[PDB]
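Structure first, commentary second.
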Amino acid sequence: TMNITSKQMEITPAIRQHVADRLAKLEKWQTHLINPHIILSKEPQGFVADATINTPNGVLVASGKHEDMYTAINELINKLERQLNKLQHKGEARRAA
Amino acid sequence: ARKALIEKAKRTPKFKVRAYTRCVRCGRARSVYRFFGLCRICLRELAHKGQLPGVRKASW
Amino acid sequence: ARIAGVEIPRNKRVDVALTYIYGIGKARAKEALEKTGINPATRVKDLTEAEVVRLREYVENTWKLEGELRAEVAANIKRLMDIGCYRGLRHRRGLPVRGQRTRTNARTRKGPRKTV
Amino acid sequence: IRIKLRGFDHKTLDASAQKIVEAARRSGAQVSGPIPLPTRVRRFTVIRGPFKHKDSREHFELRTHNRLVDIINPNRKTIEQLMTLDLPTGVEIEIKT
Amino acid sequence: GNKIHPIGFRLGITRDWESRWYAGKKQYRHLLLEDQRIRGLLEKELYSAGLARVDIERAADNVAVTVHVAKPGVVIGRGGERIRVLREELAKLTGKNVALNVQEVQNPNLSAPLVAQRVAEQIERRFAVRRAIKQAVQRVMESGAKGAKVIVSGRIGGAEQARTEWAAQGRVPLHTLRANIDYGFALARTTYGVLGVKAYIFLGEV
Amino acid sequence: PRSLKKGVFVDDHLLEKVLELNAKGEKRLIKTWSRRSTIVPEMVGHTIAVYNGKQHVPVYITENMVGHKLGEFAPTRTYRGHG
Amino acid sequence: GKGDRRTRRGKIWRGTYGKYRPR
Amino acid sequence: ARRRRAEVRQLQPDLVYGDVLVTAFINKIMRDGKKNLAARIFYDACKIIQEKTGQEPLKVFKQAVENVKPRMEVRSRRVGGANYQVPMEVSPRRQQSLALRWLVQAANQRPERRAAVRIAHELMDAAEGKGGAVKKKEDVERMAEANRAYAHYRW
Amino acid sequence: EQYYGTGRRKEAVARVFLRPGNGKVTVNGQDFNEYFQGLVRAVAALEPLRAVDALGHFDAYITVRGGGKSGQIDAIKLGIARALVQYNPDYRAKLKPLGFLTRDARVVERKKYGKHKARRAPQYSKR
RNA sequence: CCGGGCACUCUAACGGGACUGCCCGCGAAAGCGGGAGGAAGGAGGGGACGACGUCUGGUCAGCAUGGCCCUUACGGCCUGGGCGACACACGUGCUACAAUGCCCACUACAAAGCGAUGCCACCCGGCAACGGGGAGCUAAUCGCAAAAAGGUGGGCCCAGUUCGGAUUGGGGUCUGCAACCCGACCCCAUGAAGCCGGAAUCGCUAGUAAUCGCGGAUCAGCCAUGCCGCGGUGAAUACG
Ligand SMILES: [Mg+2]
Ligand SMILES: [Mg+2]
Ligand SMILES: [Mg+2]
Ligand SMILES: [Mg+2]
Ligand SMILES: [Mg+2]
Ligand SMILES: [Mg+2]
Ligand SMILES: [Mg+2]
Ligand SMILES: [Mg+2]
Ligand SMILES: [Mg+2]
Ligand SMILES: [Mg+2]
Ligand SMILES: [Mg+2]
Ligand SMILES: [Mg+2]
Ligand SMILES: [Mg+2]
Ligand SMILES: [Mg+2]
Ligand SMILES: [Mg+2]
Ligand SMILES: [Mg+2]
Ligand SMILES: [Mg+2]
Ligand SMILES: [Mg+2]
Ligand SMILES: [Mg+2]
Ligand SMILES: [Mg+2]
Ligand SMILES: [Mg+2]
Ligand SMILES: [Mg+2]
Ligand SMILES: [Mg+2]
Ligand SMILES: [Mg+2]
Ligand SMILES: [Mg+2]
Ligand SMILES: [Mg+2]
Ligand SMILES: [Mg+2]
Ligand SMILES: [Mg+2]
Ligand SMILES: [Mg+2]
Ligand SMILES: [Mg+2]
Ligand SMILES: [Mg+2]
Ligand SMILES: [Mg+2]
Ligand SMILES: [Mg+2]
Ligand SMILES: [Mg+2]
Ligand SMILES: [Zn+2]
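Chains as they are written, first to last, in this note's numbering: chain Y, 4 to 100; chain U, 3 to 62; chain W, 156 to 271; chain D, 21 to 117; chain A, 6 to 211; chain G, 32 to 114; chain Z, 390 to 412; chain P, 3 to 157; chain C, 61 to 187.
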C-alpha cells in the first residue's frame with residue numbers, strides 16, 4: 004500500500020491524504036501501482052516531492068521542486084504521468100514492420 | 003552533553019556496571035576498541051599515518 | 156473416554172499417544188511408562204486393561220490435567236488481571252506478555268491483520 | 021637454556037635470530053637454530069567512512085610473529101656477551117631455563 | 006570522495022612507521038596514549054622549527070624520540086637550552102626516561118608535510134591561492150623531485166561556494182606501490198573557515 | 032529472575048521506612064522511586080506511591096500482590112488505543 | 390527443528406546445552 | 003554469454019558404472035550439495051529396478067533417457083505485435099539436460115513415499131514410454147509440431 | 061621397500077606410503093573401508109593405480125590430516141598417484157593425460173564485506 | 001609415550017617459477033586458433049588498489065571548523081521513565097511448512113581465531129541451565145573443543161503429524177548495585193500460524209550457487225537470527 008515520508012518536517016493527516024488524492028490521478032492508466040512511496044522535504048529554495056513507484060511494466064521515479072509545496076506535489080504528478088504513459092504506450096511503437 | 007561526558011567516562015563509578023569505554027582520542031562512546039583505546043574511525047586515521055606499531059593494511 | 160477424559164489415539168505408540176493429553180509432553184510421557192513399567196513401543200490398541208488401568212491410575216493421580224489444569228491457568232491469569240500488575244494489563248488488552256516488540260509482528264496474540 | 025623472539029615486524033625478527041644464534045655458535049657451542057613459530061593475528065575490520073555506509077570496509081591486520089632459538093651446550097663465554105647484545109627496538113626477548 | 010591515504014598504502018614497502026615498538030595486549034594502548042600526548046606538545050612547540058616527522062622507539066620506561074626538521078636551531082635552544090626544557094616537561098608527561106633527539110632535513114622542499122604547512126601559512130596570510138600552488142610546485146620541482154602535486158579545498162579567497170584547486174608537474178603515480186611518494190597535510194585556519202592543503206611529492210620509484 | 036540463592040531484593044531505604052511505620056503504628060502514603068523493589072509481606076496494607084517517570088502512583092498493596100515488583104502496578108505508558 | 394530449543398538440533402543452533410543436548 | 007560460447011564442463015565418471023551420464027543424473031538428484039545421499043538414492047533405485055525387472059539398471063536408465071529426449075521444441079520470439087512460439091531443433095546437450103531434469107521432476111511428482119523408489123519407477127515407466135517425463139516430451143513435441151507454420155521465423 | 065607421494069586437496073593433506081604387498085590398504089590407524097565407510101566417493105582415491113594395473117601389487121599405510129573426508133580422498137588420490145612416478149618414472153604417460161599428476165588449486169574462495177558470502181550479494185528493493 | 005631421528009606433515013621467512021618462451025596454422029603487425037612440455041597457460045583463482053569529475057550526494061551527532069544562537073541555562077549532577085509504545089504500511093533476515101525429511105543413540109573428518117579478577121581440562125552435586133571442588137597455560141605445549149551436514153543402527157509412516165516451534169501458565173540457573181517496564185539460559189506444561197506463497201522481485205557463471213557448522217570484533221550479561229572471517233560437502237546452466 005501507499006507510504007509517505009516527511010523528511011525534517013511535520014505534516015498533517017490532511018496533507019498526507021491530499022497526496023493520496025493527487026496520486027490517484029495515476030489510476031487513470033489502469034495498471035497496478037505497486038508500493039508507491041512519496042517523500043516530502045524542504046530545501047532552502049522550496050519544497051521537494053520525490054516518488055518511486057513500480058508498475059508491472061516498470062518504475063516511476065521522479066521529483067518536483069517549487070516554492071510552493073502543493074505546486075511541487077503537482078509537478079511531481081506530471082512527471083509521473085508522463086513517465087507512466089510512456090511506459091504504457093512505448094510497446095505499441097513498433098507493430099510494423 | 004559532550005565534554006561533561008568525555009569526563010564522566012574517566013571518573014571511577016558508583017557501581018562497576020557503569021564502566022564504559024570512550025575513544026581516548028576523540029571521545030566517541032560507540033565502536034571503541036579495547037586493545038587501542040580507539041574508536042573505529044580514529045584507528046583508521048593513525049593507522050593510515052603509520053602511528054600504530056605493526057598495524058598495516060591486510061589483503062588476502 | 157480412556158485417560159483421563161480423553162480417548163488417546165489407538166494405532167499409536169503409548170509414549171506418543173499420551174502426548175495427546177493436555178498436560179502431558181514427551182517428558183511426562185516417558186515418566187509414566189516407567190513408573191508403571193510398560194513398553195513405550197506398545198501400540199495403544201495392544202494394552203492389557205491391566206496395563207491400561209495402571210497407566211490411567213497413576214497419571215490421573217500424580218498430575219493436574221485437562222479441565223483442572225486449564226482452570227488453574229485461567230485462575231492464574233484471572234488473578235493477575237484483577238490485581239492490576241503489568242502482566243495483567245497485557246492480558247487485559249490481549250497483547251504480548253513477555254516483553255516482545257509490538258511495532259510490527261506480534262500476530263499470534265493480536266490475531267491476523269485488522270484494517271485501517 | 022631458551023631464547024624466545026617476538027615482534028610486530030618479521031624482518032627484525034630474523035635480524036635478532038641471526039645475531040643471537042651467531043653469538044653462542046661462536047663462544048660455545050650448541051645452538052638449536054632459529055625456529056619460526058606460527059604468527060598470532062589480530063584483525064581490525066572497520067567501516068571506512070565516518071557515517072553510515074555499512075557495506076564498505078577497510079581491513080587492517082596486526083602480525084605478532086614468533087621465533088625461538090635454543091642454546092644446547094651453554095658454555096658461559098656466551099652467557100656474558102648475551103647480557104650485552106644489540107636489540108633492535110621493535111622486538112621483545114624471552115629467556116628462562 | 007574516494008582516494009586512499011598514500012602513506013598507509015605503502016607501509017612496509019616504501020614507507021616505515023613513525024612508531025616502532027613491540028607490545029602485548031596489556032600495554033599497547035597505554036603506551037600509544039603517551040605517544041599521542043607526546044606529539045601533542047612536540048608538534049605544538051616545534052611547529053616554529055619546521056617539523057616533518059616524529060619518530061618514536063621504545064624498550065622499558067625509556068624512549069627514543071627522533072624529531073626530523075628544517076631548522077635544528079629552534080629545536081636546540083642556546084647550547085642545549087630549550088632541548089632540555091622540553092626533556093623536563095617531557096619526562097614529566099613521560100613519567101620516565103625520555104631521550105629527546107634532533108634530526109635534520111636535507112630539504113624542506115622535498116618534504117611533503119612541510120610544503121603543505123608553508124602554503125597553508127601563505128594562505129592564512131591572504132596570499133592569492135592559485136599563485137601559491139603553482140609556486141610551491143615549481144619550488145619542489147626545482148629541488149630535483151621526480152614529481153609534485155598540491156591541493157587546496159575550501160572557501161578559497163573567501164568565496165561562499167567552496168572550491169577545489171590543485172596543480173601538478175612530472176609524475177605522481179598514486180596507484181604504484183614502488184613509487185616513493187611523501188604525502189603531507191596541513192590545516193589552514195582563516196576568519197572565514199578551514200581550508201585544507203594536501204601535498205604530494207614523488208621522490209622516485211625504488 | 033533474581034537467583035533463589037541470593038537475597039530477596041528491597042532497596043533497604045524503602046524497608047526502613049516500612050518498618051518505622053510498623054513500630055509507631057501505620058499508615059500514610061510513602062513516596063518512592065523504587066520500581067525495582069519486591070513487594071514484601073510486611074508491606075501489605077500500606078498504600079505506597081510509586082514513580083513511573085512523571086507520576087507518583089497510589090497502590091494499595093494486598094495479600095495477593097506479594098511477590099510482584101513495585102513498578103508492576105504503576106504503568107509507564109499512556110495508551111488509549113489507535114485512531 | 391533449529392528453532393525448537395527442546396531438541397539436540399535446537400541447542401546446537403542457540404549454542405547452548407541441557408537435558409536435550411548434554412556436554 | 004556476450005563474448006564467446008560457453009564450454010560444457012566434463013563430468014567425472016561414476017564409480018559404479020564409470021558413466022558420464024549416471025553422474026549428471028545423480029547431480030540432478032542432489033539437493034543442498036548432499037551428493038552421497040544423491041548416489042545412495044540412485045543406486046538404491048537400481049537395486050529396485052534390478053529386483054522388480056530382471057535386467058540392467060544401466061541399460062534401463064539409458065533408455066528412459068533416450069525416450070525423454072525432446073527432438074524439437076518451441077522457443078518464443080516476438081514478431082510485430084504477437085509473441086509467436088517458434089519451432090526449433092534441440093541441441094543434444096540441451097536434450098540431455100531436459101531429459102535428466104524432467105526424469106527427476108516427473109519422479110518427484112510420484113506418490114510412492116521414498117526418494118529411491120520413485121526414481122526407480124520413473125525410469126522403468128520411461129524406458130517403456132510411460133510417465134510424466136515422457137508426457138513432458140510429447141507435450142513439448144506436439145507443441146512444436148502444431149507451430150510448424152512459423153518454422154521459417156527461426157534464428 | 062617404500063614409495064611416497066605428498067597428496068593435497070583443499071585443506072586436506074595426505075602422506076602416502078606405498079609398499080609392495082597383496083593390495084590391502086590403511087588410512088590413519090585403521091582399515092581403509094573402515095575409515096571411508098559408505099562414501100561412494102571412496103574407490104576414486106585408489107583409482108590412479110587402476111590406470112597402470114597396480115591393484116594387488118601394493119599395500120598402503122597412509123596418514124591424512126585436514127579438510128574433510130572427500131578432500132582427504134582427493135589428497136590420497138594424488139599421493140598414491142605421486143609415489144608411482146618415483147617407483148617408476150616412465151609412468152607419466154598414462155597418469156598425466158588422465159589428469160592424475162595434477163593438483164587442482166580449487167580452494168574455498170574468501171568471504172567479502174558487503175556480501176553474505178564469497179559472491180552472494182544481499183537482496184535490495186529499488187522500489 | 002621414552003630413547004632416537006627432521007625423512008615426512010607442518011610451521012614461517014627467502015627464493016625459483018609462465019614469458020604467448022617453444023611448436024604448427026592463420027596474420028603486415030599486435031595478437032588470434034591449436035599441440036607439447038609443465039603443479040600451474042595465455043591476466044592461473046582471490047585480494048589490496050577507484051582517473052578528471054558527477055550527484056549544490058552523506059556526515060556541523062566521531063573529529064575539526066567559519067558564522068549564528070543559549071549563559072542559575074539551550075551548561076552541569078542525579079533518581080525514575082523513555083529510546084523496547086502498536087488500529088496499521090514498507091525494507092532486511094531467521095525458522096518452517098516436511099520422508100532427499102524428523103527424533104533417539106553409537107561413530108567419524110576441518111580451518112581460522114581467542115584466552116591471568118582470562119580460557120578452563122578432570123572430579124563431584126543437580127533432569128539441566130548451572131553450582132562446588134580443582135590441574136594445566138604468559139600458551140604450535142595448556143584450554144575454549146563438540147565441528148555440523150556426514151557415516152552405522154534404531155524409531156516415526158504422509159497425519160497440521162515424532163511436521164512446525166509461535167504463544168501462554170509454572171518452576172529454577174546466571175550476570176549484574178539492580179532484570180516491572182526490559183536480559184539471556186534451563187526445565188515441566190502449552191503446541192499458533194504455516195500444506196511452498198497474487199501483483200511483483202532478489203542472488204549467484206565454480207569450489208561459485210545451495211546447504212553445514214566453528215571463531216572473532218563489540219561485550220558484566222544480552223535481545224547476534226546482524227556483522228567481519230573460516231573451513232566441510234558441493235551442483236545446474238550460458239543458443240545467443
Ligand atoms: Mg533525488
Ligand atoms: Mg511475467
Ligand atoms: Mg565537543
Ligand atoms: Mg556495560
Ligand atoms: Mg563502547
Ligand atoms: Mg500434550
Ligand atoms: Mg515492547
Ligand atoms: Mg548489510
Ligand atoms: Mg518438533
Ligand atoms: Mg515435468
Ligand atoms: Mg598452508
Ligand atoms: Mg564455504
Ligand atoms: Mg543499501
Ligand atoms: Mg628439511
Ligand atoms: Mg544538500
Ligand atoms: Mg561538530
Ligand atoms: Mg559549527
Ligand atoms: Mg565577525
Ligand atoms: Mg533505536
Ligand atoms: Mg507484509
Ligand atoms: Mg533476522
Ligand atoms: Mg570474545
Ligand atoms: Mg496442532
Ligand atoms: Mg490451518
Ligand atoms: Mg508436533
Ligand atoms: Mg503433506
Ligand atoms: Mg519458493
Ligand atoms: Mg524448501
Ligand atoms: Mg516466500
Ligand atoms: Mg562475473
Ligand atoms: Mg534446513
Ligand atoms: Mg555464531
Ligand atoms: Mg558477548
Ligand atoms: Mg525480547
Ligand atoms: Zn575516535
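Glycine residues also receive a C-beta, built at the ideal position from the N, C-alpha and C atoms.
Proximity to residue i [Cα-Cα], best of the options
| i | options | result |
| --- | --- | --- |
| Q90(C) | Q146(C), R163(C) and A120(C) | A120(C) |
| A75(Y) | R25(Y), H40(Y), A100(Y) and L87(Y) | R25(Y) |
| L60(G) | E73(G), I79(G), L52(G) and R111(G) | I79(G) |
| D187(A) | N114(A), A172(A), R136(A) and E147(A) | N114(A) |
| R68(C) | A105(C), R79(C), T86(C) and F92(C) | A105(C) |
| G84(G) | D43(G), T109(G) and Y91(G) | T109(G) |
| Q57(P) | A151(P), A101(P) and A122(P) | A122(P) |
| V167(C) | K186(C), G83(C), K175(C) and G127(C) | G127(C) |
| residue 3(Y) | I14(Y), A27(Y) and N6(Y) | What the structure shows of chain Y is the stretch from 4 to 100, and residue 3(Y) is not part of that stretch, so it cannot be assessed. |
| residue 1(P) | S78(P), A128(P), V119(P) and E124(P) | Coverage of chain P is limited to positions 3 through 157, which leaves residue 1(P) absent and any answer about it impossible. |
| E78(D) | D34(D), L88(D), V61(D) and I67(D) | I67(D) |
| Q97(P) | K138(P), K36(P), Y86(P) and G133(P) | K138(P) |
| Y205(A) | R44(A), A193(A), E94(A) and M146(A) | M146(A) |
| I176(W) | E189(W), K167(W) and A159(W) | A159(W) |
| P106(G) | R256(W), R245(W) and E206(W) | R245(W) |
Bridge partner(s) assigned by DSSP for residue i
| i | result |
| --- | --- |
| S66(Y) | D53(Y) |
| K100(G) | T69(G) |
| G139(C) | Answer by DSSP bridge pairing: none, since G139(C) is not bridged. |
Where residue i falls: helix, strand or coil (DSSP)
| i | result |
| --- | --- |
| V59(A) | strand |
| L224(W) | helix |
| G131(C) | helix |
| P32(G) | coil |
| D16(P) | coil |
| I206(A) | strand |
| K62(G) | strand |
| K154(A) | strand |
Local Cβ density within 10 Å of residue i, reported as buried at 16 or more and exposed below that
| i | result |
| --- | --- |
| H73(A) | buried |
| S93(P) | exposed |
| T19(A) | buried |
| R63(A) | buried |
| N88(C) | exposed |
| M72(Y) | buried |
Discussion item. Beta-carbon distances below 7 Å to any heavy atom of ligand 35 define the shell here; list its residues in chain order, please.
Written reply: Having a Cβ closer than 7 Å to some heavy atom of ligand 35 are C25(U), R27(U), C28(U), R30(U), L40(U), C41(U), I43(U) and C44(U).
Worksheet item: Mind listing, in chain order, the residues whose beta carbon lies closer than 6 Å to a non-hydrogen atom of ligand 9?
Response: This selection yields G390(Z) and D393(Z).
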